[PDB]
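Notes to accompany the following structure.
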Amino acid sequence: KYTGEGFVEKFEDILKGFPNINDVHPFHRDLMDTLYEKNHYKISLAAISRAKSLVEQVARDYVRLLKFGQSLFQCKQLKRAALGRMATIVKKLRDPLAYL
Amino acid sequence: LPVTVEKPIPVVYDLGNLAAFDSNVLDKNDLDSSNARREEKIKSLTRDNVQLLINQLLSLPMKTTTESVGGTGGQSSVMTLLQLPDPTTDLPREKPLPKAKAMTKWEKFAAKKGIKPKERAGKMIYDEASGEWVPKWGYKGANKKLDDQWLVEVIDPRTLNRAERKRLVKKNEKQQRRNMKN
Amino acid sequence: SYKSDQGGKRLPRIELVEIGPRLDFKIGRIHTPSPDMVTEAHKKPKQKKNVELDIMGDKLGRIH
Amino acid sequence: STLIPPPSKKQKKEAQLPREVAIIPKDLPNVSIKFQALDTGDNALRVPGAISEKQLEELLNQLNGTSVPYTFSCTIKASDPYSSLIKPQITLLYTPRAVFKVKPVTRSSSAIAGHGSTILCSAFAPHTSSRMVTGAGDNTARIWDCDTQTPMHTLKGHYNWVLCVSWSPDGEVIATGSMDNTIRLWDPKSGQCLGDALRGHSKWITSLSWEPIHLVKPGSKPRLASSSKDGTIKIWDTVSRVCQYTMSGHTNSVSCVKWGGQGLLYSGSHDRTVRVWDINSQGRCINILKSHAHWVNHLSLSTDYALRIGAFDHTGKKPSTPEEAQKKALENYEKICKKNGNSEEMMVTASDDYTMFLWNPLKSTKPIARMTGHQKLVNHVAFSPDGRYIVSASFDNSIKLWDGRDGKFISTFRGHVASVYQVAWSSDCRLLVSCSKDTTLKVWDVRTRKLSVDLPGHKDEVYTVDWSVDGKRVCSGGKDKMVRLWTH
Amino acid sequence: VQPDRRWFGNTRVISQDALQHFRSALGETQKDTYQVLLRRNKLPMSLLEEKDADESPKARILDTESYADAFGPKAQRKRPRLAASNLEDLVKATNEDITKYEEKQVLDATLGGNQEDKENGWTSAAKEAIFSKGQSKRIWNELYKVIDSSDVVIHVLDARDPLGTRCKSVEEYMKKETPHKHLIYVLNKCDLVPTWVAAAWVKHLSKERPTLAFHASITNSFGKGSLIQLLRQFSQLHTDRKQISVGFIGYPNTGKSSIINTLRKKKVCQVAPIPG
Amino acid sequence: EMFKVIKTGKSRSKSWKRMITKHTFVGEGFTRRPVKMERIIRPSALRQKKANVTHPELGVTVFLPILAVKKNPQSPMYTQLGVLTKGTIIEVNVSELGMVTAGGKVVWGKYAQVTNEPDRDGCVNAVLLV
RNA sequence: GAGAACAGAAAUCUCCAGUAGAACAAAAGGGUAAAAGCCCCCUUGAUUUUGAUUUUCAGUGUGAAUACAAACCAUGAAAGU
Ligand SMILES: Nc1nc2c(ncn2[C@@H]2O[C@H](COP(=O)(O)OP(=O)(O)OP(=O)(O)O)[C@@H](O)[C@H]2O)c(=O)[nH]1
Ligand SMILES: [Mg+2]
């Protein structure tokens with residue numbers, strides 16, 4: 001659980017952060033595309049909400065799976081697997097992060 | 001060169017057996033034996049019977065597969081064949097219907113105690129020493145391993161193992177007969 | 001066959017030829033079966049309400 | 001296997017009734033009829049009985065006084081060409097036949113052994129279908145005697161993958177594009193390396209096209225167009241075997257190249273951009289096209305099948321003099337050039353933005369139609385051989401069909417399971433072959449929008465299929481190293 | 001696990017032309033508000049998909065110009081894409097973008113007050129907790145339990161406002177994940193509406209669901225025996241199944257507890273005028 | 001193991017019920033049986049319907065749905081029970097790959113044997129038998 | 001039956017022939033002959049998949065047997081079997 005919020009709350013600081021180029025003002029809206037590619041802009045941040053929602057999805061499953069664990073060894077292997085599929089998401093996310 | 005032929009009586013079709021039934025009046029002296037003008041009276045009726053038959057036959061749906069080379073049990077794609085209905089005229093069946101059913105005295109015992117039938121999976125057991133499979137009967141069977149191996153560990157014993165199966169083989173053969181009686 | 005052109009693309013004109021063999025039978029007498037045998041020689045091998053298959057299988061259940 | 005659900009006990013009784021002789025009895029109502037040529041003309045208002053079309057053809061053929069048989073179409077919403085008269089005045093829509101029938105391919109010949117590598121490309125000679133060259137994953141090329149299904153001149157000399165080949169459309173020379181840099185010209189009869197390899201591209205050969213017959217002077221061999229992955233396009237001589245010029249127009253690799261009809265060149269490249277080039281300005285760019293958002297694959301032209309064959313009909317009868325060949329290729333092009341009395345050849349671009357654009361580059365820079373609908377990228381697009389229908393092949397296991405006039409969607413040849421690799425046409429504009437990533441080939445009637453016959457038989461993927469100009473035989477190439485000739 | 005020639009088999013193989021027979025067959029599946037699927041006939045359904053879509057979704061713009069080329073210190077990008085055409089065109093196309101912007105400044109100002117309290121420096125109260133209920137972890141753990149438990153679901157609805165009670169949301173899950181299950185509506189509390197009103201509702205509800213009208217009371221009810229006739233058909237159609245459940249879904253305070261009592265003609269469920 | 005014995009009763013002293021502790025293919029028309037009738041339990045969370053399936057050749061892993069369970073070792077029961085342990089042979093929808101038989105009658109079903117221990121991770125990973 | 005040293009009533013080898021007193025899985029009125037006899041060559045079998053009969057306590061879109069049919073499989077150049 002506690003791992004799952006940390007990815008989310010950082011991303012929620014990002015997705016609240018950037019001023020969401022369209023419907024800002026048509027002066028600023030155009031001017032940022034001339035700097036930042038309104039194509040490349042939106043898709044990056046849209047990837048993060050796609051990235052965020054997977055993490056909550058991964059979190060809720062492995063929480064739900066975990067209550068049927070029977071041993072120490074089984075549950076431990078689920079935790080590493082849980083964070084690894086979180087880690088695979090963030091490793092995937094490399095290029096848009098360096099953009100932002 | 002005209003095609004469509006009417007008749008006084010609606011001719012019944014049985015397409016399943018490819019049949020045609022004119023029921024009209026058969027004039028006697030047109031069908032006179034010594035009458036020379038006979039074959040036309042035969043043929044003209046017959047080709048008007050046949051012409052009406054194919055018109056129902058060509059009024060049928062048909063199959064068009066799209067298969068090709070090595071069509072093993074089917075038509076070609078250029079073949080287009082007539083979907084037939086069932087033979088409606090009830091012909092005499094040659095042989096009576098074979099219902100040779102019994103409870104076989106095992107199924108009764110399978111009825112009382114609900115022993116479900118097994119999976120019928122395969123012949124191969126797994127052997128230990130060696131690590132091979134070597135199936136159960138049919139070749140190098142797991143049955144006849146005892147008669148072929150080379151020691152005993154306490155009158156021959158191995159022919160006794162042959163004998164006790166010959167009980168149990170013939171016990172199938174004895175239990176074969178009594179269910180053949182009842 | 002004859003492409004007869006009034007049946008159009010489909011229907012031909014069928015004009016037979018005798019091939020034979022030209023034959024005439026005279027009836028003699030007849031043995032007949034017993035009616036109990038007739039019933040045996042006419043028997044189906046025998047091999048659902050509110051239940052219908054659609055196209056694609058689809059076992060349906062009618063309510064009424 | 002899976003099965004069709006059976007007919008019902010109810011349905012078995014339905015078929016037992018005698019039914020439905022199509023008598024067309026008298027058939028005496030009389031409704032008026034209007035004719036209309038499908039290019040421009042509407043011609044008058046007459047009313048016969050309900051008849052067959054062979055009479056209707058001879059009704060129209062006396063109206064002009066032809067002695068030219070036509071195809072008839074009608075009820076156009078929903079496009080449904082007494083045969084129509086049971087569906088309900090009436091406008092008949094007529095169009096020529098180019099009277100010839102090509103029989104659908106069902107079986108094959110044997111599978112042919114040969115080079116021990118994959119097969120990359122193949123092409124028939126236009127003058128006969130017994131000769132057909134193949135491009136291999138081996139360093140060598142192969143010409144086949146298709147009658148005997150035997151090798152004719154195992155063709156050595158390149159030292160990399162022979163990627164794309166072409167036949168000189170008069171029937172003299174074979175180009176062989178190779179994966180290293182090299183192009184060698186070839187003679188079919190001798191099988192000899194005709195001079196030095198044409199060297200000068202710095203990356204591998206992408207596509208090869210010939211300068212068409214009806215433009216080359218009588219007493220001169222046609223030249224060659226060459227497109228390569230370094231973005232360079234070089235117009236070679238065959239005689240002196242020295243190129244005339246490079247063109248440094250496009251930025252990325254050049255995808256495909258075609259020679260135009262009005263002496264033009266067309267170049268799809270990986271710059272998401274198509275350029276229009278002119279020989280008579282000594283190789284100079286005249287129009288640049290900017291529509292696609294992802295890069296362009298396999299452009300084609302309307303009259304290319306005429307431009308490919310070079311003054312042969314389907315019979316493949318050889319012409320005598322080069323001037324007669326100058327007439328005949330001009331003749332055959334003019335029969336497809338001026339449908340509307342107008343030399344307006346059409347171009348369609350294909351790319352990975354799941355989109356095709358319809359182009360009239362001489363008349364304007366604006367695209368006519370934006371073809372749309374695929375899910376995975378399109379790969380292979382070619383006009384109909386009468387220059388009337390445009391087909392589209394793609395990676396979404398589907399083959400869509402388009403108009404050639406306005407870019408209107410027609411239908412989709414669904415039935416392929418893997419990604420469709422390339423298609424090819426029958427000569428009489430009825431059939432349509434296609435190779436896909438799966439093993440089978442599927443042949444499609446354009447007229448009935450349906451699989452004619454699925455044909456399996458290969459062992460693996462299929463990269464190359466091609467149709468014979470006479471409409472007789474079909475060659476096939478794929479990974480499984482065997483050549484398979486397919487025919488009726 | 002033994003070795004075997006099968007496993008290396010081909011199992012569930014299609015026939016060819018039946019596909020086009022089935023690609024045809026998706027059109028003519030006309031629904032019945034009097035019929036329910038029972039078995040499904042397992043088919044490779046994804047091969048039978050792909051209706052004629054006509055939009056061709058967007059090209060992947062990351063393929064050409066990725067990120068680092070697009071912007072940054074590296075930024076091999078100088079002119080815009082697609083670098084629109086003409087100046088008077090550019091004068092034009094921005095001028096409505098002027099207007100359309102302030103239109104939503106006029107329009108959303110109707111929606112607020114949500115800015116004035118910020119300058120007033122005061123905030124609104126919290127949500128009361130009783131509006132949450134429920135929306136609870138156990139209370140939906142009830143719900144997926146009984147749905148997975150029951151065979152035929154019925155769904156009650158208030159006759160006063162069935163639209164306020166339709167709660168689609170589950171029917172969604174019904175169609176997609178349990179196709180064999182049933183989901184019939186039930187209109188209870190019909191004695192609170194005028195006579196023709198509930199009559200008009202079922203005509204607007206029979207088009208999709210079978211929808212019995214009903215009034216629940218042990219001693220003076222309505223429409224029991226239509227439902228009793230209705231249920232046993234399901235027990236009839238599920239002949240092999242040896243027995244059959246049915247669970248009663250709905251909003252709170254609708255008569256789910258009540259309806260069972262007037263089926264059993266006695267008090268078996270607990271009932272209350274309070275919701276929960 | 002693989003059965004957590006569920007004690008029932010107020011005095012939880014009657015137990016007689018078993019819960020399958022491992023991952024499970026269920027079927028499609030499952031619909032949980034009456035509780036007084038049930039003895040064995042396959043709870044909802046441990047119900048896998050779509051496997052993550054690789055191919056030995058061609059290097060592709062495709063997320064495929066699961067059709068049936070033919071051969072599970074370490075019982076004849078669990079075949080009927082649909083118990084997904086390591087080593088089980090399952091039946092997979094192969095609609096997306098597009099295998100074609102000689103005959104052109106494309107195959108949408110193959111036996112794939114699982115690889116992982118899907119207790120010890122949530123996903124099922126399975127190799128197509130070729 | 002006529003032949004070939006050891007070699008004889010019986011060892012193998014040639015020619016004539018047996019409508020076959022070929023061995024025929026059967027037992028037979030009858031017939032197989034370029035065989036259903038003899039020899040050689042190539043190979044699984046207890047495969048999968050759903051409508052009829054059953055049995056089930058997780059009634060378990062079948063879970064299996066069983067009945068049927070279809071796909072396949074074996075061989076043959078093929079017809080086919
Ligand atoms: N007018 C009218 N009122 C009804 C009828 N049936 C139930 N009610 C009223 O609806 C209230 C709700 O009954 P319940 O059975 O407790 O409703 P419920 O939704 O099943 O109760 P919960 O399931 O616990 O939320 C009862 O107090 C009744 O007064 C009906 O048929 N007509
Ligand atoms: Mg209530």
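Numbering starts fresh at 1 for the residues of each chain in the structure tokens, the chains themselves are lettered A, B, ... in the order given, and ligands are numbered from 1 as they appear.
Once residue 105 (chain B) and its same-chain neighbours fewer than 2 positions away are set aside, residues 102, 103, 107, 108, 109, 110, 111, 175, 178, 179 and 182 of chain B remain within 10 Å of it when counting only C-alpha atoms (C1' of nucleotides).
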Mind writing the picked residues with N, CA, C and O atoms as a PDB file, in the first residue's frame?
```pdb
ATOM      1  N   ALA B 102     -27.435 -54.432 -21.855  1.00  0.00           N
ATOM      2  CA  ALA B 102     -27.589 -55.085 -20.567  1.00  0.00           C
ATOM      3  C   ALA B 102     -26.884 -54.264 -19.499  1.00  0.00           C
ATOM      4  O   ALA B 102     -26.192 -53.290 -19.792  1.00  0.00           O
ATOM      5  N   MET B 103     -27.055 -54.675 -18.251  1.00  0.00           N
ATOM      6  CA  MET B 103     -26.372 -53.974 -17.174  1.00  0.00           C
ATOM      7  C   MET B 103     -25.029 -54.594 -16.839  1.00  0.00           C
ATOM      8  O   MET B 103     -24.270 -54.026 -16.051  1.00  0.00           O
ATOM      9  N   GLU B 107     -22.042 -52.628 -14.055  1.00  0.00           N
ATOM     10  CA  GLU B 107     -22.663 -51.318 -14.047  1.00  0.00           C
ATOM     11  C   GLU B 107     -23.670 -51.202 -12.930  1.00  0.00           C
ATOM     12  O   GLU B 107     -23.869 -50.109 -12.394  1.00  0.00           O
ATOM     13  N   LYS B 108     -24.305 -52.322 -12.590  1.00  0.00           N
ATOM     14  CA  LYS B 108     -25.116 -52.396 -11.387  1.00  0.00           C
ATOM     15  C   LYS B 108     -24.286 -52.053 -10.173  1.00  0.00           C
ATOM     16  O   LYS B 108     -24.678 -51.225  -9.344  1.00  0.00           O
ATOM     17  N   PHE B 109     -23.111 -52.667 -10.070  1.00  0.00           N
ATOM     18  CA  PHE B 109     -22.229 -52.367  -8.957  1.00  0.00           C
ATOM     19  C   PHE B 109     -21.656 -50.970  -9.101  1.00  0.00           C
ATOM     20  O   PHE B 109     -21.332 -50.312  -8.108  1.00  0.00           O
ATOM     21  N   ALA B 110     -21.547 -50.493 -10.334  1.00  0.00           N
ATOM     22  CA  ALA B 110     -21.233 -49.096 -10.542  1.00  0.00           C
ATOM     23  C   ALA B 110     -22.428 -48.208 -10.287  1.00  0.00           C
ATOM     24  O   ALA B 110     -22.256 -47.002 -10.117  1.00  0.00           O
ATOM     25  N   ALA B 111     -23.634 -48.759 -10.293  1.00  0.00           N
ATOM     26  CA  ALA B 111     -24.778 -47.906 -10.016  1.00  0.00           C
ATOM     27  C   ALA B 111     -24.937 -47.688  -8.529  1.00  0.00           C
ATOM     28  O   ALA B 111     -25.252 -46.579  -8.090  1.00  0.00           O
ATOM     29  N   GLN B 175     -16.646 -64.367 -16.478  1.00  0.00           N
ATOM     30  CA  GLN B 175     -17.611 -63.291 -16.327  1.00  0.00           C
ATOM     31  C   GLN B 175     -18.081 -62.743 -17.666  1.00  0.00           C
ATOM     32  O   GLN B 175     -18.997 -61.917 -17.698  1.00  0.00           O
ATOM     33  N   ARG B 178     -21.692 -65.044 -18.350  1.00  0.00           N
ATOM     34  CA  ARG B 178     -22.905 -64.912 -17.557  1.00  0.00           C
ATOM     35  C   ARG B 178     -23.638 -63.627 -17.876  1.00  0.00           C
ATOM     36  O   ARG B 178     -24.870 -63.575 -17.829  1.00  0.00           O
ATOM     37  N   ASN B 179     -22.903 -62.598 -18.240  1.00  0.00           N
ATOM     38  CA  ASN B 179     -23.556 -61.430 -18.785  1.00  0.00           C
ATOM     39  C   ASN B 179     -23.965 -61.628 -20.231  1.00  0.00           C
ATOM     40  O   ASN B 179     -24.814 -60.884 -20.721  1.00  0.00           O
ATOM     41  N   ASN B 182     -27.576 -63.331 -19.461  1.00  0.00           N
ATOM     42  CA  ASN B 182     -28.638 -62.499 -18.940  1.00  0.00           C
ATOM     43  C   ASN B 182     -28.842 -61.267 -19.811  1.00  0.00           C
ATOM     44  O   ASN B 182     -29.034 -61.374 -21.020  1.00  0.00           O
TER      45      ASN B 182
END
```
Note to self: Residues contacting ligand 1 - anything with an atom at most 10 Å away, using only C-alpha atoms (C1' of nucleotides) and all ligand atoms - can you give me those as a ChimeraX atom specification?
What the structure shows: /E:156-160,187-193,214-218,220-222,248-262,269-276
Write out the residues from the selection above, keeping N, CA and C atoms, as a compact mmCIF listing (two decimals), in the first residue's frame.
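Everything below was put into out18.txt:
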```txt
# COMPACT_ATOMS: atom_id res chain seq x y z
N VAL E 156 -34.96 -4.82 -8.49
CA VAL E 156 -36.13 -4.05 -8.16
C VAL E 156 -35.88 -2.59 -8.50
N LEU E 157 -36.95 -1.84 -8.64
CA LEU E 157 -36.86 -0.41 -8.89
C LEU E 157 -38.07 0.26 -8.29
N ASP E 158 -37.87 1.46 -7.74
CA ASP E 158 -38.97 2.24 -7.22
C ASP E 158 -39.86 2.66 -8.38
N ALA E 159 -41.16 2.49 -8.19
CA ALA E 159 -42.11 2.98 -9.16
C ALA E 159 -42.19 4.49 -9.16
N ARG E 160 -41.75 5.15 -8.10
CA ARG E 160 -41.86 6.60 -8.07
C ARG E 160 -40.91 7.26 -9.06
N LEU E 187 -40.84 -4.02 -10.96
CA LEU E 187 -41.38 -2.78 -10.44
C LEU E 187 -42.24 -3.05 -9.24
N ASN E 188 -41.73 -2.75 -8.05
CA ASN E 188 -42.55 -2.85 -6.86
C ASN E 188 -43.05 -1.47 -6.48
N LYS E 189 -43.82 -1.45 -5.39
CA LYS E 189 -44.47 -0.26 -4.85
C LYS E 189 -45.35 0.43 -5.88
N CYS E 190 -46.06 -0.36 -6.68
CA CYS E 190 -46.89 0.22 -7.72
C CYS E 190 -48.11 0.94 -7.18
N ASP E 191 -48.42 0.79 -5.90
CA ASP E 191 -49.63 1.41 -5.37
C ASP E 191 -49.40 2.85 -4.97
N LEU E 192 -48.25 3.42 -5.30
CA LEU E 192 -48.04 4.82 -5.00
C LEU E 192 -48.19 5.72 -6.21
N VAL E 193 -48.41 5.15 -7.38
CA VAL E 193 -48.48 5.93 -8.61
C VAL E 193 -49.90 5.82 -9.14
N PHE E 214 -45.46 -4.92 -9.72
CA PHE E 214 -45.62 -5.68 -8.50
C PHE E 214 -46.04 -4.76 -7.36
N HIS E 215 -46.76 -5.31 -6.40
CA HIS E 215 -46.97 -4.62 -5.14
C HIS E 215 -46.81 -5.61 -4.01
N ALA E 216 -45.93 -5.31 -3.08
CA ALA E 216 -45.54 -6.25 -2.05
C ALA E 216 -46.35 -5.99 -0.80
N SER E 217 -47.02 -7.03 -0.32
CA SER E 217 -47.67 -7.08 0.98
C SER E 217 -48.02 -8.53 1.22
N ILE E 218 -47.89 -8.98 2.46
CA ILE E 218 -48.26 -10.36 2.75
C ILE E 218 -49.75 -10.54 2.59
N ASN E 220 -52.32 -8.16 1.31
CA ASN E 220 -53.05 -7.59 0.18
C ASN E 220 -52.02 -7.15 -0.86
N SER E 221 -51.63 -8.06 -1.74
CA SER E 221 -50.54 -7.78 -2.66
C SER E 221 -51.08 -7.60 -4.06
N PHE E 222 -50.15 -7.52 -5.00
CA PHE E 222 -50.47 -7.57 -6.41
C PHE E 222 -49.36 -8.30 -7.13
N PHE E 248 -31.61 -10.60 -5.09
CA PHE E 248 -32.46 -9.43 -5.33
C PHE E 248 -31.59 -8.20 -5.15
N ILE E 249 -31.31 -7.53 -6.20
CA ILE E 249 -30.39 -6.40 -6.16
C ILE E 249 -31.19 -5.11 -6.19
N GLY E 250 -30.61 -4.02 -5.73
CA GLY E 250 -31.26 -2.73 -5.89
C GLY E 250 -30.70 -1.67 -4.97
N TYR E 251 -31.34 -0.51 -5.01
CA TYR E 251 -31.09 0.51 -4.02
C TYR E 251 -31.55 0.03 -2.66
N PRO E 252 -31.08 0.66 -1.59
CA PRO E 252 -31.70 0.44 -0.29
C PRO E 252 -33.11 0.98 -0.29
N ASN E 253 -33.90 0.47 0.66
CA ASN E 253 -35.24 0.94 0.96
C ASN E 253 -36.17 0.80 -0.23
N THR E 254 -36.13 -0.34 -0.91
CA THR E 254 -36.95 -0.52 -2.09
C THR E 254 -37.93 -1.66 -1.96
N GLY E 255 -37.68 -2.61 -1.07
CA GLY E 255 -38.62 -3.67 -0.87
C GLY E 255 -38.05 -5.02 -1.21
N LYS E 256 -36.73 -5.05 -1.41
CA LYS E 256 -36.01 -6.30 -1.63
C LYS E 256 -36.28 -7.27 -0.50
N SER E 257 -36.18 -6.79 0.73
CA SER E 257 -36.54 -7.61 1.86
C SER E 257 -38.04 -7.87 1.85
N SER E 258 -38.82 -6.89 1.42
CA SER E 258 -40.27 -7.00 1.50
C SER E 258 -40.82 -8.01 0.52
N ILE E 259 -40.26 -8.04 -0.69
CA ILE E 259 -40.79 -8.86 -1.76
C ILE E 259 -40.66 -10.33 -1.43
N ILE E 260 -39.58 -10.71 -0.77
CA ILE E 260 -39.37 -12.11 -0.42
C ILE E 260 -40.40 -12.55 0.59
N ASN E 261 -40.76 -11.66 1.50
CA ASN E 261 -41.77 -11.98 2.49
C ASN E 261 -43.10 -12.25 1.84
N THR E 262 -43.50 -11.41 0.89
CA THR E 262 -44.79 -11.65 0.29
C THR E 262 -44.73 -12.75 -0.75
N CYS E 269 -37.71 -12.16 5.87
CA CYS E 269 -36.75 -11.07 5.92
C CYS E 269 -37.16 -10.09 7.00
N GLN E 270 -36.18 -9.38 7.53
CA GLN E 270 -36.50 -8.22 8.33
C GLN E 270 -36.75 -7.03 7.43
N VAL E 271 -37.75 -6.24 7.79
CA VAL E 271 -38.16 -5.09 6.98
C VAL E 271 -38.21 -3.86 7.86
N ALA E 272 -38.07 -2.70 7.24
CA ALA E 272 -38.12 -1.46 7.99
C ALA E 272 -38.42 -0.27 7.10
N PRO E 273 -39.05 0.74 7.63
CA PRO E 273 -39.18 1.99 6.90
C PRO E 273 -37.86 2.74 6.81
N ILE E 274 -36.90 2.42 7.67
CA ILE E 274 -35.59 3.04 7.56
C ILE E 274 -34.89 2.41 6.36
N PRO E 275 -33.91 3.05 5.76
CA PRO E 275 -33.23 2.43 4.62
C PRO E 275 -32.45 1.17 4.94
N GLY E 276 -31.44 1.27 5.78
CA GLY E 276 -30.52 0.16 5.87
C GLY E 276 -30.99 -0.93 6.79
```
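Counting only C-alpha atoms and comparing A:60, A:91, A:1, A:42, the residue that lies closest to residue 21 (chain A) is A:42.
Rounded to one decimal, CA of residue 156 (chain D) and CA of residue 189 (chain D) lie 14.6 Å from each other.
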Next item on the list: Step one, run DSSP on the backbone; step two, keep only residues of region 30-122 of chain F assigned to helix (DSSP H, G or I); then write them as a PyMOL selection string.
Entry: chain F and resi 44-46+77-81
Checklist line | Interface, chain E side, toward chain B (12 Å; only C-alpha atoms) as an NGL selection string | finding: :E and (1-6 or 15-21)
Next item on the list: Please give the complete set of residues from region 3-133 of chain B that DSSP, run on the backbone, assigns to strand (DSSP E), formatted as a PyMOL selection string.
Entry: chain B and resi 12-14+19-21+62-63+81-82
Restricting the output to N, CA and C atoms, write the selected residues as a PDB file, in the first residue's frame.
```pdb
ATOM      1  N   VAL B  12     -46.305 -34.747 -57.590  1.00  0.00           N
ATOM      2  CA  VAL B  12     -45.647 -34.762 -56.296  1.00  0.00           C
ATOM      3  C   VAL B  12     -44.162 -34.991 -56.528  1.00  0.00           C
ATOM      4  N   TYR B  13     -43.330 -34.195 -55.871  1.00  0.00           N
ATOM      5  CA  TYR B  13     -41.889 -34.344 -55.947  1.00  0.00           C
ATOM      6  C   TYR B  13     -41.355 -35.015 -54.691  1.00  0.00           C
ATOM      7  N   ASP B  14     -40.435 -35.961 -54.885  1.00  0.00           N
ATOM      8  CA  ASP B  14     -39.638 -36.467 -53.765  1.00  0.00           C
ATOM      9  C   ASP B  14     -38.171 -36.326 -54.152  1.00  0.00           C
ATOM     10  N   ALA B  19     -37.310 -38.238 -57.307  1.00  0.00           N
ATOM     11  CA  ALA B  19     -38.452 -38.991 -57.787  1.00  0.00           C
ATOM     12  C   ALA B  19     -39.486 -38.062 -58.395  1.00  0.00           C
ATOM     13  N   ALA B  20     -40.325 -38.635 -59.252  1.00  0.00           N
ATOM     14  CA  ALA B  20     -41.364 -37.891 -59.955  1.00  0.00           C
ATOM     15  C   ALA B  20     -42.587 -38.783 -60.060  1.00  0.00           C
ATOM     16  N   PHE B  21     -43.759 -38.218 -59.820  1.00  0.00           N
ATOM     17  CA  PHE B  21     -44.967 -39.019 -59.765  1.00  0.00           C
ATOM     18  C   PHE B  21     -46.079 -38.355 -60.555  1.00  0.00           C
ATOM     19  N   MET B  62     -27.233 -24.334 -52.990  1.00  0.00           N
ATOM     20  CA  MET B  62     -26.062 -25.132 -53.307  1.00  0.00           C
ATOM     21  C   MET B  62     -24.847 -24.697 -52.498  1.00  0.00           C
ATOM     22  N   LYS B  63     -23.840 -25.569 -52.482  1.00  0.00           N
ATOM     23  CA  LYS B  63     -22.627 -25.357 -51.704  1.00  0.00           C
ATOM     24  C   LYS B  63     -21.530 -24.750 -52.555  1.00  0.00           C
ATOM     25  N   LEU B  81     -22.553 -27.833 -55.616  1.00  0.00           N
ATOM     26  CA  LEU B  81     -23.334 -29.057 -55.593  1.00  0.00           C
ATOM     27  C   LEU B  81     -24.652 -28.859 -54.863  1.00  0.00           C
ATOM     28  N   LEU B  82     -25.633 -29.669 -55.228  1.00  0.00           N
ATOM     29  CA  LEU B  82     -27.024 -29.425 -54.886  1.00  0.00           C
ATOM     30  C   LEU B  82     -27.356 -29.874 -53.475  1.00  0.00           C
TER      31      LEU B  82
END
```
Checklist line | Counting only C-alpha atoms, the residue of F:104, F:34, F:65, F:122 that sits nearest residue 69 (chain A) | finding: F:122
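Of the residues under consideration (E:242, E:118, E:176, E:60), E:242 shows the shortest atom-to-atom contact distance to chain G when counting only C-alpha atoms (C1' of nucleotides).
Applying a distance limit of 10 Å to only C-alpha atoms (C1' of nucleotides), the residues of chain D near chain G read residues 1, 2, 3, 5 and 6 of chain D.
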Next item on the list: Please provide the set of residues having any atom within 9 Å of residue 43 (chain F), restricted to only C-alpha atoms (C1' of nucleotides), with same-chain residues fewer than 5 positions apart removed, written as a PyMOL selection string.
Entry: chain F and resi 19-21
So that I can see what lies close to residue 49 (chain A), please list as an mmCIF file with C-alpha atoms, in the first residue's frame the residues with an atom at most 12 Å from it, counting only C-alpha atoms (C1' of nucleotides) and leaving out residues fewer than 6 positions away in the same chain.
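Written output follows (out_24.cif):
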```cif
data_model
loop_
_atom_site.group_PDB
_atom_site.id
_atom_site.type_symbol
_atom_site.label_atom_id
_atom_site.label_comp_id
_atom_site.auth_asym_id
_atom_site.auth_seq_id
_atom_site.Cartn_x
_atom_site.Cartn_y
_atom_site.Cartn_z
ATOM 1 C CA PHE A 7 4.334 6.843 -6.972
ATOM 2 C CA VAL A 8 0.851 8.276 -7.147
ATOM 3 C CA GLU A 9 1.311 11.335 -4.972
ATOM 4 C CA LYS A 10 4.416 12.387 -6.856
ATOM 5 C CA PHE A 11 2.606 11.955 -10.149
ATOM 6 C CA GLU A 12 -0.328 13.890 -8.803
ATOM 7 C CA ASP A 13 2.097 16.671 -8.038
ATOM 8 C CA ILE A 14 3.191 16.553 -11.649
ATOM 9 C CA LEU A 15 -0.233 16.246 -13.205
ATOM 10 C CA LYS A 16 -1.522 19.079 -11.105
ATOM 11 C CA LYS A 42 0.268 16.426 -24.127
ATOM 12 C CA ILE A 43 1.300 12.878 -24.918
ATOM 13 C CA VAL A 55 0.163 1.572 -10.406
ATOM 14 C CA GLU A 56 -3.097 1.802 -8.500
ATOM 15 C CA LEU A 93 8.825 5.953 -18.215
#
```
